[PDB]
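K.L.:
Fold the following.
(5 chains, ligands or ions: 2)
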Amino acid sequence: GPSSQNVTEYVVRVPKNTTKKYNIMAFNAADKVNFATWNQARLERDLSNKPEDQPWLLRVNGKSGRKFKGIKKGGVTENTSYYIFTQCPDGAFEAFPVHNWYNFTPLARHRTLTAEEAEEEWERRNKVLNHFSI
Amino acid sequence: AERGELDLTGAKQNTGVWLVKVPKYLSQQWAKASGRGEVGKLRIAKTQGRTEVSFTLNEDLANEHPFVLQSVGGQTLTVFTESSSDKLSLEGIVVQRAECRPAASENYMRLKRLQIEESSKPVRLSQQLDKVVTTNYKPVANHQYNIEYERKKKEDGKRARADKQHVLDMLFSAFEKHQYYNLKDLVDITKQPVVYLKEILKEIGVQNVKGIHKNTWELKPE
Amino acid sequence: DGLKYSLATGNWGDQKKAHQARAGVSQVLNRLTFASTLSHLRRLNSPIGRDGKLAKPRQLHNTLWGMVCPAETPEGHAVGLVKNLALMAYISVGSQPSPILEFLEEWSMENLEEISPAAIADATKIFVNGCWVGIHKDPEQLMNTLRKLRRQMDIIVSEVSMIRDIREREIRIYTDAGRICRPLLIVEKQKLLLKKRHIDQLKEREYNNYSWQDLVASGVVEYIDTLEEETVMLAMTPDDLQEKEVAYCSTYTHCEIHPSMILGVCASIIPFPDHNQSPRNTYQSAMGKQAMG
Amino acid sequence: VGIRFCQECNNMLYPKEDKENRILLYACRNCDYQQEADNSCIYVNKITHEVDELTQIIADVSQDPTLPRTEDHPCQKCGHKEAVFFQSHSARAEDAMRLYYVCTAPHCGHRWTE
Amino acid sequence: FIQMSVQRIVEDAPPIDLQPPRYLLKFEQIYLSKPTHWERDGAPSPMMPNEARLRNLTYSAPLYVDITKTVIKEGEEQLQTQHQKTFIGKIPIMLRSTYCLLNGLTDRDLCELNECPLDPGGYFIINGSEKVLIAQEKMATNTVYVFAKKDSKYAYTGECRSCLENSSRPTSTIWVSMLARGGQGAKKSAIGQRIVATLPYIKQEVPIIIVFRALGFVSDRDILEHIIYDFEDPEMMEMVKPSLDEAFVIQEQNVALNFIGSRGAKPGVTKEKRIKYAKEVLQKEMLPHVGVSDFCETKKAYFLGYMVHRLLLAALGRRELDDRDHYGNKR
Ligand SMILES: [Zn+2]
Ligand SMILES: [Zn+2]
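P.N.:
Numbering: from 1, shown residues only, chains lettered A, B, ... in the order given. Ligands and ions are numbered 1, 2, ... in the order given. Take a look:
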């Protein structure tokens, strides 16, 4: 079609240094979360870990409403460098190296608290099966 | 305008951006970009049968790589930025993922050679030497022993048993600072010999186990 | 002190603790006769103790073929626990898997994390040194490329094995040391890879300087591990099978260089061993070591 | 027969019965989500072990060189004379020594037992 | 071993720091010398194998290393030293080896040294005596083999010895075992056999679901995908159904780590110590070959899933049990 007929060539420029580090945010396809639906998103280092080593924690509509935990990648550029290409008004492509990779995973809906007591309760249920001969 | 808050303007925009895998040798050439920072030009060709994306290296940078497209299906990719000030913004959502792989532009000798060039130096290995290096040396004295001997002449640990009343006042000052003072700490405080110091301590204080043994001198309640 | 003490003691352990010290490691060489000296130098010791009477370790096994000499076993309370490796069989020094891994990732290898669980069933798994580095969609394409590279010797040593269990849906490549590999002639559709022209060059080493490594570089002969031997078809006699006949298979991957080669040095000295009783050959292997020469 | 997975939390669902509805409902301890059981089958056990070996074997098995091939037995679907013959080599195959044949033609995907 | 392994062992050594001024020592390049014998005067003489037997000399070569010493006085001042060719010890040399003098010598040179060209060599000389190392058969490391034993309470046991390049002094073995189908208790039989997996340093066998949760993949579906690549077969799902029954709501990774830590050979009185011990044992002691580093725990879960998958196939009878007698299994 018209897109196939059109051929476009754009100069690529790589900045030696970037003022802001470029990082990847990943959302599960199954979750199907929509950026527009969220009233607000707040990003801070994980409280449980409490720098870059700590995983990013994303709270949507408050920590209670939704929780996303970023998964840090030990080597992002170690296998190969990753460059982000951004469309520009001139149209010349600009490539930015990716400092870190984070995968955000939704917290389990049931939530609640388990601790030592939960382990004992599960053991008691197994013991009840053991107690009955039949 | 809050460091904790994450800007979602890119997420609302859904701006298209491309995540591209680039070989480390190519990445090093890209890092040393020509002038301010230009690595070359990228040519996009679309045909009904197939779409080809290729990048041509700058002549100055050298002084054409085909792109293998990767399906984004089954994953959602977005770019978030952390500033030096820690301000957080979203650049956009990745629409396509591509890999730069050279096709028929690298010899088998090359690339395998490129890995050797990246290594630069071979791994260190045991080396056989004809004869033996001397293992016997003849110093008049050991260096560590002489360093201690010079220190002993330069500094004398303690002094003589004099001015017992002045030492007693120093013991009172330590007792005022803390109810119990360790004998070793008191030895550092007073230049009086440990044995003479113990007699002065005995007159104004009694050592106390504190239930942990390791008796520590404390001022007498009486 | 530690290295000297262990060799003299014959126990492989630190001087402080004898609990983990091994038994039968490092033994004094036998100088009774030249043949005995060679037999002592090439020796294998079973992990199981001589006292143990378990039949399965003592019994000879089908996979042992071409890797050990059955006749060359010492008689006594323990039978077959001590074995001598076949003359053709060579213990592999082993090679780093990192260069092969670089080729594998280049040749359509997909990491487990990106790959879905359903994809793992669809694409045959690859294990290198028993490590699940990646999976490959096509088993034959990867196997053909690996084997051709092994003949070249540019990326992979001939000693390394490339097992292909299509039924198990797994591909296993082993570069680990301690594998035993025997050189075998490669057979194509109806001819040996080895040719008369190679033999004439081999006969004259005065100027050609032809060597066994040159044959390995040609790829006419390839070292095969016992695990690879399970997936490798073999031809007992090349000329008879290559001539049209009702053969078991017409596509044997490899051929034995010689049947007599499997026999050990003690077995070889006995004349006409196949005509002689098999126990009698075993008794003579003991006699040859104690022969006075 | 098939496992039931909670849509809300992706956890196994255990069937429960309410007298008023008289319909089996899958129940999740973690969440209140419930759905009707069309199968209504709580448990199924087969001691028959009648599963066909042809389903277990695959077209790629024919490609193996070691397996013997008979030109005499043709492939029914594409009329190819060459075919590969092998024993089932499966659990509970002691009772039957029936030969299993897979078409050697690539991508035919035709398997028959003789 | 002499040319590369000796260098690698010193190269792969953690720096030793003693402190508070800290002194740091690093072992780098290894230097080796032709075998020499020290006389009463102290003048070295090159060792000869025939002479060594006559005088009961031990044939060995001196070992040297380069040590870099850096000391910090806490004053922000560092002093650096470059000791080179420091004596480590003497290593016995196998005869006719490249390091050994006899190798690389013409037959006429051997005749002058009274060493036979015909003599094979390959024997170390200690105290003027001939000692040759004997090869020992061993089961292959980093390999999974499934065996079914009537004597063992578990119907099927899979053994996976794990080490990285023999770096660990003791190889660590992790076994996944399927319990016997027959159950003493009818309730236990109704749920089904439980696939408890033996792990290094554990007081009692830990169920596969609990160890999988400790690795990660808390969701039941994630554990199932590693255990079974294909869910098409109902019988494999039925086999894993009792494992799903034992642990359900308790998906917390830290709680699962605490559960393995409490049921462990080493007990930590504080909860954090139990978590630290459990995390370290899973990271290094369990499946070290797959990853020495903490990262790649997901790859470790895939490998653990493969071991369970082989056990399920063995229970089906689809996959034949591995044979110890097979020469390829032996190293
Ligand atoms: Zn639920
Ligand atoms: Zn067909």
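K.L.:
Name all residues that make contact with the residue in the stretch 151-293 of chain C positioned nearest to ligand 1.
P.N.:
Closest to ligand 1 within the stretch 151-293 of chain C is residue C:169: 33.8 Å, counting by Cβ to the ion. The C-beta positions use only the backbone N, C-alpha and C, and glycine is treated the same way. Listed by Cβ atoms under 8 Å, 6 or more residues apart in numbering or on different chains, the contact set of residue C:169 reads C:121, C:124-125.
K.L.:
try residue E:91
P.N.:
C:3, E:2, E:6, E:60-61, E:63.
K.L.:
Near chain C, which residues of the stretch 1-150 of chain E? Just list them.
P.N.:
E:58, E:60, E:89-92, E:118, E:120, E:122-124, E:126-127, E:129-144 (Cβ under 8 Å from any Cβ of the partner chain).
K.L.:
Pull out the buried members of those residues.
P.N.:
E:58, E:60, E:90-92, E:122-124, E:126, E:129-137, E:140-144 (16 or more other Cβ atoms under 10 Å in any protein chain shown).
K.L.:
Let's verify the nearest residue to residue E:42 once chain neighbours are set aside: helix, strand, or coil?
P.N.:
Excluding the flanking residues, the one nearest residue E:42 by Cβ to Cβ, 6 or more residues apart in numbering or on different chains is residue B:136, at 7.1 Å. Secondary structure, DSSP: H, G, I helix; E, B strand; the rest coil: residue B:136 is coil.
K.L.:
element containing the residue of the stretch 51-200 of chain C at minimum distance from chain B, please.
P.N.:
Closest to chain B within the stretch 51-200 of chain C is residue C:102: 6.7 Å, counting by Cβ to the nearest Cβ. For residue C:102, the host element (DSSP states H and E) is helix C:98-106.
K.L.:
Tell me the buried residues in the helix or strand following that helix?
P.N.:
Counting by DSSP H and E, the next helix or strand C-terminal to helix C:98-106 is helix C:117-122. Within helix C:117-122, the residues scored as buried using 16+ other Cβ under 10 Å are C:117, C:120-121.
K.L.:
got it, and stretch B:211-222?
P.N.:
Quick answer for stretch B:211-222 (16+ other Cβ under 10 Å): B:216-219.
K.L.:
Please compute how far stretch C:3-12 lies from its chain's middle.
P.N.:
29 Å (Cα atoms, centre = their mean, to the nearest Å).
K.L.:
Let me know whether it sits next to chain B.
P.N.:
No. Stretch C:3-12 does not reach chain B (Cβ under 8 Å from any Cβ); its nearest approach is 15.3 Å.
K.L.:
Please enumerate residues in contact with that stretch?
P.N.:
By Cβ under 8 Å, 6+ apart, the residues outside stretch C:3-12 that reach it are C:13, C:15, C:18, C:21-27, E:58, E:60, E:89-92, E:124, E:126-127, E:131, E:133.
K.L.:
Identify all contacting residues around the helix holding residue C:102.
P.N.:
For helix C:98-106, using Cβ under 8 Å, 6+ apart, the contacting residues are B:115, C:126, C:128, C:133-134, C:136, C:142, C:146, C:149, C:155-156, C:160, C:173, C:175.
K.L.:
Would you write a PyMOL line that selects the buried entries of those residues?
P.N.:
Only the buried entries of the contacts of helix C:98-106 go into this PyMOL selection, using 16+ other Cβ under 10 Å:
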select buried, chain C and resi 126+128+133+134+136+142+146+149+155+156+160+173+175
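K.L.:
State the pair within the contacts of helix C:98-106 that is farthest apart.
P.N.:
Farthest pair in the contacts of helix C:98-106 (Cβ to Cβ) is B:115 and C:136. Separation: 21.4 Å.
K.L.:
I'd like the distance between residue B:196 and residue D:83.
P.N.:
109 Å (Cβ to Cβ, to the nearest Å).
K.L.:
Same drill for these two, tell me which one is more crowded.
P.N.:
The neighbour comparison of residue B:196 against residue D:83 (other Cβ atoms under 10 Å in any protein chain shown) goes to residue D:83, with 24 against 16.
K.L.:
and the more buried one, what are its bridge partners?
P.N.:
Residues in a beta bridge with residue D:83, per DSSP bridges, are residue D:70, residue D:103.
K.L.:
Residues of chain D that sit close to ligand 1?
P.N.:
Taking Cβ under 5 Å from the ion as the criterion, chain D approaches ligand 1 at residues D:6, D:8-9, D:11, D:28, D:30-31.
K.L.:
Now the buried members of those residues.
P.N.:
D:6, D:9, D:11, D:28, D:30.
K.L.:
so where do the helices sit in chain A?
P.N.:
A:2-5, A:115-131 (DSSP state H).
K.L.:
Contacts (any at all) between chain E and the longest one?
P.N.:
Yes. Part of helix A:115-131 sits close enough to chain E to count as contact by Cβ under 8 Å from any Cβ, namely A:115-116, A:118-119, A:122, A:126, A:129-130.
K.L.:
can you list contacts of that helix?
P.N.:
E:185, E:187-188, E:191, E:246-247, E:249-250, E:255, E:258-259, E:262.
K.L.:
Please pick the buried ones from those.
P.N.:
By 16+ other Cβ under 10 Å, the contacts of helix A:115-131 give E:188, E:191, E:246-247, E:250, E:255, E:258-259 as buried.
K.L.:
I'd say residue A:21 and residue B:81 touch.
P.N.:
Yes. When contacts are counted by Cβ atoms under 8 Å, residue A:21 is listed as touching residue B:81 (6.8 Å).
K.L.:
Could you confirm whether stretch D:106-114 reaches chain C?
P.N.:
No. Using Cβ under 8 Å from any Cβ, stretch D:106-114 stays clear of chain C, with a minimum separation of 10.8 Å.
K.L.:
Please give the centre-to-centre distance between that stretch and its chain.
P.N.:
Worked out by Cα atoms, centre = their mean, stretch D:106-114 lies 17 Å from the chain centre.
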